[PDB]
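# experimental structure below, sequence on top.
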Amino acid sequence: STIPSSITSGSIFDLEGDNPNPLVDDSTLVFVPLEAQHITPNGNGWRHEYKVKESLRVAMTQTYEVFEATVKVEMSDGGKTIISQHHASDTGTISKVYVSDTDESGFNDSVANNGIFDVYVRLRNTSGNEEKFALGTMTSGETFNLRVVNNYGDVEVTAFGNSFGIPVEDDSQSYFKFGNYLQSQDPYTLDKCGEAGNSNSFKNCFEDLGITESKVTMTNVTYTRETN
Ligand SMILES: [Ca+2]
């Protein structure tokens, strides 16, 4: 199936990282932050992703959205990226889906820099605390199915046949984003590398971390959005 127009045309999503464009063909999206190298003032790395445009943003509890895709990940050992997330008005996050090869405990692998990436989700509950849940593991080159649903405040994520969801902290100007947001972080110590707003600092970080590859390919993509 071809990538929906809401994404390709910009009717719903704004692009972050113009070059190269993620649409490599009518049916494929390729996110390569090491090439797009898009930065934001508070970002901690490089990204290549789409975000629901500002004018359409409403509260999490005021929208029904469903994002689904076949996701292939090719990345160097030790890499860590966020491939989908619900962002809040300020600097807050509501939901985040990761593919990371770090030593953070609590997942199926949790062994830094060994080529086996943990795929998990972090959801911020109504008390403002994040609850994390392991979905599966994968090695570079593998593919999995991702489905994220925000049912008017109740967010659910499914991957590898595993599902987890809870009602989340509401935000009046929330917005969904997806793609490849590569995190500048040491996989062993989890310490952040680089300086905010300094692209060259992140360039050096990824070089020193040995992250020379990070490509998230998405196919069979679908996105539904109903705001009331
Ligand atoms: Ca690992």
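In hand now; what should we look at? Residues are numbered from 1 along each chain as shown.
# got a list of what residue 20 touches?
Residue 20 makes contact with 30, 32, 35-36, according to CB atoms under 8 Å, 6 or more residues apart in numbering. Quick note: C-beta positions are derived from backbone N, CA and C, even for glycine.
# swap the cut-off to 10 Å and go again
30-32, 35-36, 48 (CB atoms under 10 Å, 6 or more residues apart in numbering).
# which one among those gets closest to residue 7?
Nearest to residue 7 out of those is residue 31 (CB to CB; 12.0 Å).
# was I right to think that closest one contacts residue 221?
No: judged on CB atoms under 10 Å, residue 31 makes no contact with residue 221 at a distance of 11.9 Å.
# more neighbours, the two?
A side-by-side neighbour count of residue 31 and residue 221, using other CB atoms under 10 Å, places residue 31 first with 28 against 22.
# so the spatially most central residue of the chain, which of the three states?
Residue closest to the average C-alpha location in the chain (CA atoms, centre = their mean): residue 83, at 2.1 Å. Of the three states, residue 83 takes strand under DSSP: H, G, I helix; E, B strand; the rest coil.
# list the contacts of it.
By CB under 10 Å, 6+ apart, the contact list for residue 83 reads 31, 49, 69, 71, 73, 96-99, 119, 146, 148, 177-181, 216, 218.
# again with residue 130
Contacts of residue 130 (CB under 10 Å, 6+ apart): 93-96, 121-124, 168-169.
# any idea what it is bridged to?
According to DSSP bridges, the residues that bridge with residue 130 are residue 124.
# hang on, the earlier thing: make TSV out of the contacts of residue 20 and add distance to the ion and secondary structure.
Shown next, in TSV, are those (distance: CB to the ion, whole Å; DSSP: H, G, I helix; E, B strand; the rest coil):
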residue	distance to the ion	secondary structure
30	24	strand
31	21	strand
32	22	coil
35	24	helix
36	25	helix
48	23	strand
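# closest to residue 202 out of these?
Nearest to residue 202 out of the contacts of residue 20 is residue 36 (CB to CB; 12.0 Å).
# list the contacts of the closest one.
Contacts of residue 36 (CB under 10 Å, 6+ apart): 15-22, 46-49, 179-180, 182.
# taking the contacts of residue 83 one by one, which sit in strands?
Among the contacts of residue 83, the members found in strands (DSSP state E) are 31, 49, 69, 71, 73, 96-99, 119, 146, 148, 177-181, 216, 218.
# just how off-centre is the longest helix anywhere in the chain within its chain?
The single longest helix within the chain, with elements called by DSSP state H, is helix 199-208. Computed by CA atoms, centre = their mean, to the nearest Å, the separation of helix 199-208 from the middle of its chain amounts to 20 Å.
# helices or strands next to it in the packing?
On a contact count with 3 or more CB pairs under 10 Å, 6 or more residues apart in numbering; DSSP states H and E, helix 199-208 meets helix 33-36, strand 45-52, strand 175-183.
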